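Structure, as structure tokens:
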Amino acid sequence: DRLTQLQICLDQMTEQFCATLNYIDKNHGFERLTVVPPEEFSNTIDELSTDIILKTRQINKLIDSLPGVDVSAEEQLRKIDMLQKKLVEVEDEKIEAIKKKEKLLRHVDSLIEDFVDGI
Amino acid sequence: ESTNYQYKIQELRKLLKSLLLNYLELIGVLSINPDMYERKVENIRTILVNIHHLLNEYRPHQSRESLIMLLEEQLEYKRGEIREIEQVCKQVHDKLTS
Numbered sequence: 003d004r005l006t007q008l009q010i011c012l013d014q015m016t017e018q019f020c021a022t023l024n025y026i027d028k029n030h031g032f033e034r035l048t049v050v051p052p053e054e055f056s057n058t059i060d061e062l063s064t065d066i067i068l069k070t071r072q073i074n075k076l077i078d079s080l081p082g083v084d085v086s087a088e089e090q091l092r093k094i095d096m097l098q099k100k101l102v103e104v105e106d107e108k109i110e111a112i113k114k115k116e117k118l119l120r121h122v123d124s125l126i127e128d129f130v131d132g133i
Numbered sequence: 108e109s110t111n112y113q114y115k116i117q118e119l120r121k122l123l124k125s126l127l128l129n130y131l132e133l134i135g136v137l138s139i140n141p142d143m144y145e146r147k148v149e150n151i152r153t154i155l156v157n158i159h160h161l162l163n164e165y166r167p168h169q170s171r172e173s174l175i176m177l178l179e180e181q182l183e184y185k186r187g188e189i190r191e192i193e194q195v196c197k198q199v200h201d202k203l204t205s
């Protein structure tokens, strides 16, 4: 949900990189080297160009934050292996604990049962 | 053979600048003769493509970081579950001594 939020974020650019080429194409923007005044065009072209520069920045800061970059496939493949193991260990610890607590509970309950008046 | 990703990110970072320059020219911020204009457009399409193939080839390595992120998460949960059981036993000690 990052490499895809990147991928996702990179579609917008593709979309604005066409949402632009469209203007440039559909407004004789090629002929810049009913018609839209030479001002509106520029205000528009800048309004998009600038917007695209900000996307380029974002897409990097994201590629930097993108996880796994530095790490190897091996440095990971074991890290998973470990976590798998250290995880079993922790559940056996959980189990045990649970048992010990329920024993404790059984103890308390027994006590409480013997304080009751009525057969 | 390791499918080096430290590399794939290099490229990705390159294509990106390359894509930005090439766009900077199409727009007119940078200078370029009109018999190139369309080649710029050529380059942008091709650029955006390669980029896609990269991010595309980056999912495996992505997936792993996700697993390693889940395991981490649940391992922290269980640990907590125990430390929560522990507390109760300590509060029962307090409650017992008043």
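Residue numbers (the authors' numbering), protein chains in the order written: chain B, 3 to 35, 48 to 133; chain A, 108 to 205.
Every residue, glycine too, gets a C-beta built ideally from N, C-alpha and C.
Determine whether the Cβ of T70/B lies closer than 7 Å to any Cβ atom of chain A. yes
Just to confirm, is the Cβ distance from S125/A to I154/A under 7 Å? yes
In the region 150-166 of chain A, which residues sit with their C-beta less than 7 Å from some C-beta in chain B, listed in chain order? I151, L155, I158, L162, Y165 and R166
Cβ of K108/B within 7 Å of Cβ of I189/A? yes
Ignore the nearest five residues each way along the sequence and tell me which others in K115/A's own chain have a CB closer than 8 Å to its CB. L161, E164 and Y165
Under 9 Å Cβ-Cβ, which residues of chain B neighbour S109/A? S86, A87 and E88
Ordered along the chain, which non-local residues of its own chain (more than five positions away) have a Cβ less than 8 Å from that of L12/B? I73
Residues of chain A with CB under 7 Å from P81/B, in chain order? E172
For a quick check, are the C-beta atoms of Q169/A and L5/B less than 7 Å apart? yes
Is the region 18-34 of chain B close to the region 77-90 of chain B, with three or more CB pairs under 8 Å? no
Would you say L97/B reaches chain A, if we count a Cβ-Cβ gap shorter than 7 Å as a contact? yes
Quick check: is the beta carbon of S63/B nearer than 7 Å to any beta carbon in chain A? yes
So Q198/A packs on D84/B, CB below 8 Å; how close in whole Å? At roughly 44 Å, the Cβ-Cβ gap does not stay under 8 Å, so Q198/A and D84/B are not in contact.
Run the CB neighbour count on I59/B, radius 10 Å, all protein chains shown included, and call it buried at 16 or more, exposed below. buried
With DSSP as the reference, label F55/B as helix, strand or coil. helix
Distance between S205/A and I126/B (C-alpha atoms, nearest Å): 19 Å
First and last residue of the alpha helix (DSSP H) that includes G187/A? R166 to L203
Kindly list, in the order they appear in chain A, the residues whose Cβ is closer than 8 Å to that of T16/B. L155
Is the CB of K185/A under 7 Å away from at least one CB in chain B? yes
From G31/B, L119/B, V50/B and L101/B, residue whose alpha carbon lies closest to that of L182/A: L101/B
The alpha helix (DSSP H) that contains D131/B, what's its start and end? Segment: none, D131/B is in no alpha helix (DSSP H) and carries neither H nor E.
Residue range of the alpha helix (DSSP H) that includes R120/B: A87 to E127
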